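S.K.: Take this structure, written in structure tokens, and hold onto it; I'll ask about it next.
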Ligand SMILES: [Cl-]
């Protein structure tokens, strides 16, 4: 196993595609779904199981996002969310599922406690966890959310939200990509790549994470985080290692880049960029 040079990349992909994606499938089937010997037992505890949309998609104990715990309430520290490294720093991202109705409060508690100023939503539209224009204030525990603005563009919608607790407050920008097809991957890579760049340009200049979500927090979320890595990488280097990147992402959250179509789409994006 080795990274692939930019000059060799198209030939590499052509070889993977031949004989009905024979080698693409072989390769993708080589990647285990999860890392052997990293526990995910916290996510399997009885008091946490209803906080997971899919019983087979769980964060690892070591890098799950831990909410402030109440010692008298088991599971008060739990959300199905994982820290994921970015290209320039560890813990740049949190990969999470879109909240379940019963974990909306937990989701906003995560936003508050991590001081996250940017959310990336890859679905439409799956529970709306932000206020409606006609009911623009919502309350979860001691956290209050106020919708401040909405900006609907062709391939995404931007929403600014105020979050407050005990009078302290923060503004959070939600970047909601709206151009992902109901089935399969985007036919055209350009809108998603533009969205990746837009999100990065909007980010807070502090060490706080960006929260990225999709239904399971692994498929579309994995593609988005992988593209944010790959787009930066190819500006600094003349080789690319999508296989190794996915193996690293899976070492931080099981099943990141969940299916062969998503894996192939990452290669198509690189082809389009070169
Ligand atoms: Cl979602």
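S.K.: Any residue that is away from the ligand (no atom under 16 Å from the Cβ), more than 14 Å from residue 202 (Cβ to Cβ) and in contact with a helix residue (DSSP H, G or I) (Cβ under 6 Å, 6 or more places away or on another chain) - is there at least one of those in region 146-161?
M.R.: yes
S.K.: Name the residue that is nearest to the ligand (Cβ to nearest atom), counting only residues in region 200-223 that are within 19 Å of residue 56 (Cβ to Cβ) and assigned to a loop (DSSP other than H, G, I, E, B).
M.R.: The selected residue is 215.
S.K.: Still on this structure, I have one more. Any chance you could count how many residues in region 31-42 are surrounded by 14 or more Cβ atoms within 10 Å (Cβ to Cβ) and assigned to a helix (DSSP H, G or I)?
M.R.: Matching residues across region 31-42 total 1.
S.K.: Say we look at region 57-67 and pick out the residues that are in a helix (DSSP H, G or I) and in contact with a helix residue (DSSP H, G or I) (Cβ under 8 Å, 6 or more places away or on another chain); which of these is surrounded by the fewest Cβ atoms within 10 Å (Cβ to Cβ)? Working first, answer last.
M.R.: Keep residues of region 57-67 that are in a helix (DSSP H, G or I), which gives 61-63.
Keeping just the survivors that are in contact with a helix residue (DSSP H, G or I) (Cβ under 8 Å, 6 or more places away or on another chain) gives 61, 63.
Numbers: 61: 13, 63: 19.
That would be 61.
S.K.: Same structure again: Step by step: first the residues of region 68-118, then only those that are away from the ligand (no atom under 14 Å from the Cβ) and assigned to a strand (DSSP E or B), then the one that is surrounded by the most Cβ atoms within 10 Å (Cβ to Cβ). Which residue is that?
M.R.: If we take residues in region 68-118 being away from the ligand (no atom under 14 Å from the Cβ) and assigned to a strand (DSSP E or B), then 84 is surrounded by the most Cβ atoms within 10 Å (Cβ to Cβ).
S.K.: Just to be sure I understand, how many residues within region 224-254 are surrounded by 20 or more Cβ atoms within 10 Å (Cβ to Cβ) and either in a loop (DSSP other than H, G, I, E, B) or in contact with a strand residue (DSSP E or B) (Cβ under 9 Å, 6 or more places away or on another chain) (or both)?
M.R.: 10
S.K.: Can I ask one more? Select, from 9, 28, 54, 24, the only residue that is part of a helix (DSSP H, G or I) and either exposed (fewer than 14 other Cβ atoms within 10 Å of the Cβ) or touching a strand residue (DSSP E or B) at 6+ places or on another chain (Cβ under 8 Å) (or both). Steps first, answer last, please.
M.R.: Values: 28 fails: either exposed (fewer than 14 other Cβ atoms within 10 Å of the Cβ) or touching a strand residue (DSSP E or B) at 6+ places or on another chain (Cβ under 8 Å) (or both); 54 fails: part of a helix (DSSP H, G or I); 24 fails: either exposed (fewer than 14 other Cβ atoms within 10 Å of the Cβ) or touching a strand residue (DSSP E or B) at 6+ places or on another chain (Cβ under 8 Å) (or both).
From the options 9, 28, 54, 24, the qualifying one is 9.
S.K.: Another question, if that's okay. Tell me, yes or no, whether region 135-147 has at least one residue that is closer than 21 Å to residue 215 by Cα and not in a helix (DSSP H, G or I). Working first, answer last.
M.R.: To start, the set of residues in region 135-147 that are closer than 21 Å to residue 215 by Cα comprises none.
Scanning region 135-147, I find no residue that is closer than 21 Å to residue 215 by Cα and not in a helix (DSSP H, G or I), so the answer is no.
Counting neighbours? That spans all protein chains shown, and the Cβs are built from the backbone with ideal geometry, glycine included. Each reported figure results from applying straightforward, stated rules to the coordinates on display, with no laboratory input.
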